[PDB]
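The form deposited in one PDB entry is given below as one chain in structure tokens.
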């Protein structure tokens, strides 16, 4: 399915857009799952009590609320049942008492999304997340984990000759990496008011998202006390202005939403590898040139920007070949 999410500084507006987007897509015949985190606004706006299990609220529209506590407890039931395939040690430890640590919360939620996607029951999964750098870190897990494996397995394996999962693991992560890089499978839209402070924040998130390979398909401009045409601030992306939702009337907002799928398909690609011209082009808007560092300390080239690091896995064509050069150009970092 398509995992669709929103980045922006204000949670209330993003939850409203997620709800409207789900209502819109459902009414168009798409099978939709709307998923939110542990917070009261989604339930209240929907006038429906939510649970850790999907609930039908309209035709083609189901809604669920992720609770880290419950996802952890359900995964625990799987680890102790596996305690068979390998005397038990963790049987006096009950799922109800497990404590969610930072990081676990994002891994649990991404895995729940993965399960819903894998189920094939939905065309679109609208994720009402935190809409910030933390959502980006979560979405980039496949890539990040793949890199830790790729860089460290060698060091441990080829060092301790004193003492297959790799395929099973790399395959699992690659399938997540593949999906994430495909705009038909994962896309996010920026949400902001005309406040210069919100505009600079989402431009920064836009760039940070390109660093993890997340396509940003467009910008949704919501109302505020500051007026302004944001088009030139987000070129070449479409900025779609939308109205508020008051007193349960979702029609104006629903009718103003953009065509998510089309805009994601037309947006810039986070990364393009040009075999013929032997180069890699990284879309990096929303940063200051001096805020992008390119270095090669390990096997791969590291691109640092937006407090995110990208270790470029080069294909056979570019493999080993020295970096003849690199430069910026209309928000793209071109490396030769």
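In this text, rigid core is short for the largest set of C-alphas that superpose within 1.5 Å between two forms. Positions refer to the first chain, counted from 1.
Mind giving me a quick count class for deposited residues absent from the model between residue 163 and residue 164? Options are none, 1 to 3, 4 to 9, 10 or more. The entry has a long gap there, with 10 or more residues left out between residue 163 and residue 164.
Might you work out how many residues are unmodelled in the deposited sequence between residue 86 and residue 87, and answer none, 1 to 3, 4 to 9, or 10 or more? In the record, 1 to 3 residues between residue 86 and residue 87 lack coordinates.
Average Cα temperature factor in the PDB entry - higher stretch of 151 to 159, 100 to 108: Looking at the record's C-alpha B-factors, the answer is 151 to 159.
Mean Cα B factor from the PDB record: higher for 8 to 16, or higher for 314 to 322? Per the deposited B-factors, the answer is 314 to 322.
Member of 225, 211, 135, 238 with the greatest C-alpha B factor (per the PDB record): Of 225, 211, 135, 238, 225 has the highest C-alpha B-factor.
From 288, 307, 53, 39, which pick has the Cα B-factor that tops the rest in the entry? That would be 288, according to the entry.
With respect to C-alpha B-factor, does residue 94 fall in the lowest, middle or highest third of the chain as deposited? According to the entry, residue 94 has a C-alpha B-factor in the chain's middle third.
Among the modelled residues of this chain, does the Cα B factor of residue 131 put it in the lowest, middle or highest third? Lowest third of the chain for residue 131's C-alpha B-factor.
Which third of the chain holds residue 144 when residues are ordered by C-alpha B factor: lowest, middle or highest? Ranked within chain, residue 144 CA B lands in the middle tercile.
Grab the CA temperature factor for residue 218 from the record and place it in the lowest, middle or highest third of its chain. Its C-alpha B-factor belongs to the lowest third of this chain's values.
Is the Cα B-factor recorded for residue 35 in the lowest, middle or highest third of its chain? Its C-alpha B-factor belongs to the lowest third of this chain's values.
Here the subject shifts to the form deposited in another entry, a form of this protein not shown in this document.
Core fitted between the shown form and the other one: which of 40, 299, 59, 52 shows a C-alpha shift of 2 angstroms or more? With the rigid core fitted, the residue that moves is 299.
Answer yes if the Cα of residue 275 shifts by 2 angstroms or more between the shown form and the other one on a rigid-core superposition, and no otherwise. True for residue 275: a C-alpha shift of 2 Å or more.
Superposing on the rigid core, is the CA of residue 318 displaced by 2 Å or more between the shown form and the other one? Residue 318: C-alpha displaced by 2 Å or more between the shown form and the other one.
Once the core is aligned, please say if the CA of residue 158 is shifted by at least 2 angstroms between the shown form and the other one. Moves: yes, 2 Å or greater.
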